[PDB]
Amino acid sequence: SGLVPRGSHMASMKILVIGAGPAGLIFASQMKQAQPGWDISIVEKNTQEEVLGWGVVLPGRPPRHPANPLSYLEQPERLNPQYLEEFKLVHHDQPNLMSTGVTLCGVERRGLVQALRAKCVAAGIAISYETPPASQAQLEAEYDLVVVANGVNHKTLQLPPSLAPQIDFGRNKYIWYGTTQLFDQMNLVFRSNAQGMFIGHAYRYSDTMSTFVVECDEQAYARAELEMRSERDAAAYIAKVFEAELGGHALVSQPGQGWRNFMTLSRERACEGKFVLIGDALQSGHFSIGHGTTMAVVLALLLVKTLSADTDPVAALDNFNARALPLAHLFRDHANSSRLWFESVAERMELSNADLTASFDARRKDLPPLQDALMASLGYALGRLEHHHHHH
């Protein structure tokens, strides 16, 4: 009974969503909209109040972009998103101002997630918090489908062994800070000092708060002795490194979230048995390309569309795997190309700002464009204008 359900399209479907983050919540709510008679419920391992990170950048003013999760809220303005049109690359303490690609929409992660949870509950999707998911065999025997949307937390779950992740740990160490400095432009700040290489990724996301992600190379992390330093001492050191940008503003990290090597989680299949993966759980990519939540939304929408079709679950999950895996691997490659550029920027500091901007702008040049694949996926997920649904 770990076999994937078969035969016909099911009007009677019992689905568990493991994880109450953007991927799980967009999926659960969009799926319940498409199939109002299905039994969809969410379990979340953490307390309701726990939400990691500070702000996120998202594409466009809502609701222009179907990949922006704010586009799925009736009052996104209540979260006071911040709209950024300019990018400031700081190199050798010299600023270079330029236009962004799409309006960047910075918003608090906590309020985004809480609004999508409340939407899910209002539509009749139950969420159970502090719920360690049951064993595989329990879930297989209790559910028709298990949608695994639990982020990079792979060791917390026992899935079929075909779904075993490939883990790669980044060379830089990073920490996700919040600060009361206000960055009205998206800031990418390169600062080498006697300990090593430090990069700051900063943007305002509320009236009062900015995200300030800091990564450093292994030389900087060892020389600055950041592992032995306390949370406060490390934050004091980093605030001194970035005093030109922060002024006298401080840096805070979230509970239990400290310095990390970025975990690029990859899979070789999106689905097995009753289990199908979306969002970071299917594929994670370095945050330096700004696509994580966008991928969470687009993968969720893709799975909803395949499960909405008049086909059996096995054919639907196969359809998802064959559409989602190529997108996820393209995302991974773009994110890796960016991640690798940041791991080696210490070997590029002699360049001018204009030339470092050009190197940064070219770091994904050899890959097919990620946006082309995203748009193609949304074209499918959103449906097309045709009297009768048919294959293209």
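Note that residue numbering begins at 1 and tracks the sequence as displayed.
On average the C-alpha atoms of 117 to 125 have higher B-factors than those of the other stretch, with 208 to 216 and 117 to 125 being the two compared.
Higher average CA B factor: 37 to 45, of the stretches 363 to 371 and 37 to 45. Between the residues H249, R232, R110, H92, it is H92 that shows the highest Cα B-factor in the PDB record.
If you compare the C-alpha temperature factors of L157, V304, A149, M295 in the entry, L157 comes out highest. For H390, the recorded CA B-factor ranks within the middle third of the chain. Only modelled residues enter the ranking. Ranked within its chain, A376 lands in the middle third, by CA B factor from the PDB record. When the modelled residues of the chain are ordered by C-alpha B-factor, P132 sits in the highest third. In this PDB entry, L327 carries a Cα temperature factor that places it within the lowest third of its chain's modelled residues. Among the modelled residues of the chain, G273 sits in the highest third by CA temperature factor in this PDB entry.
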